[PDB]
Structure formats: structure tokens, C-alpha cells
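Just the one chain here, the form deposited in one PDB entry, laid out as C-alpha cells.
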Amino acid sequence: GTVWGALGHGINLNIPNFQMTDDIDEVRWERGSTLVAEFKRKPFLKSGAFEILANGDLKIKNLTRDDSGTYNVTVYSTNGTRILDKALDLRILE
């Protein structure tokens, strides 16, 4: 579809034939290679072997030798400021 805007004015690009519900995890808007806006309710998780807790802690379900190594955590405040950055060396008893 084609949408018309005009200089100096604002505009809302409406998602064609769609209704927002709770069964929606993400809405992504891109313009070519540019990511313009993105909404994502559930956290990103590499796999089910992991889960991020309420407090922000990382839970690893079943440890294997592959899980050892250095993990980096970064925390950003509501305004985007990087308030924390720590490296956590996870070693595994075998």
C-alpha cells in the first residue's frame, strides 16, 4: 500500500488489516537496513537452557562443559544510561 504524508506534518503508519492482542510478542519497523522502532515484550533467550530472572540474574538450567567461561552483564537505567557492567567467570566442577 501507498501512504501520503506532507512536509511539516506528522503521520501514523498503520499496520494493514491488523488488531493488537496479547498474543503479540513483537512489532518491528524497518526502513531498508535501518531499524526504526521495535517493541518486544518477552526477553531474548538464546535457548530454553537459559532464563533471565526478575532481578536480572541469569539462570542456566543444566550445566555442561560448554557453559563455562566469562559472562558479561550490562545494566541500563530507564533513560539509557549504562549504570553497570561486570564480568563473571563461570567455572564448572567436573
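Shifts are known only where both forms have a C-alpha. Only the largest set of C-alpha atoms that superpose within 1.5 Å between the two forms is called the rigid core. Numbers for residues come from their place in the sequence shown, where the first is 1.
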Exercise for the section: Tell me which of 36-44 and 61-69 has the higher mean C-alpha B-factor in the deposited entry. Expected result: 61-69
Fill in the blank from the handout: Once average C-alpha B-factors are taken from the entry for 4-12 and 83-91, the winner is 83-91
Problem - residue 53 - which third its CA temperature factor falls in, relative to the rest of the chain - result: middle
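Another form exists, deposited in another entry; not displayed. Remarks below refer to it.
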Completion exercise
Candidates 81, 21, 70, 74; compared between the shown form and the other one on the rigid core, the one with a C-alpha shift of 2 angstroms or more is 21
Handout entry: residue 47 C-alpha relocation of at least 2 Å between the shown form and the other one, rigid core basis
Key = no
Exercise for the section: Examine residue 59 after superposing the rigid core and state whether its CA is displaced by 2 Å or more between the shown form and the other one. Expected result: no
Problem - Inter-Cα distance between residue 35 and residue 76 in that other deposited form, nearer or further [3 Å or more] - result: closer
Completion exercise
Evidently the Cα separation of residue 21 and residue 55 changes by 3 Å or more in that other deposited form, so the atoms lie farther
Practice task
Three or more consecutive residues, each Cα shifted by 2 Å or more between the shown form and the other one after core superposition: list those runs for me in sequence order.
Solution key: 1-41
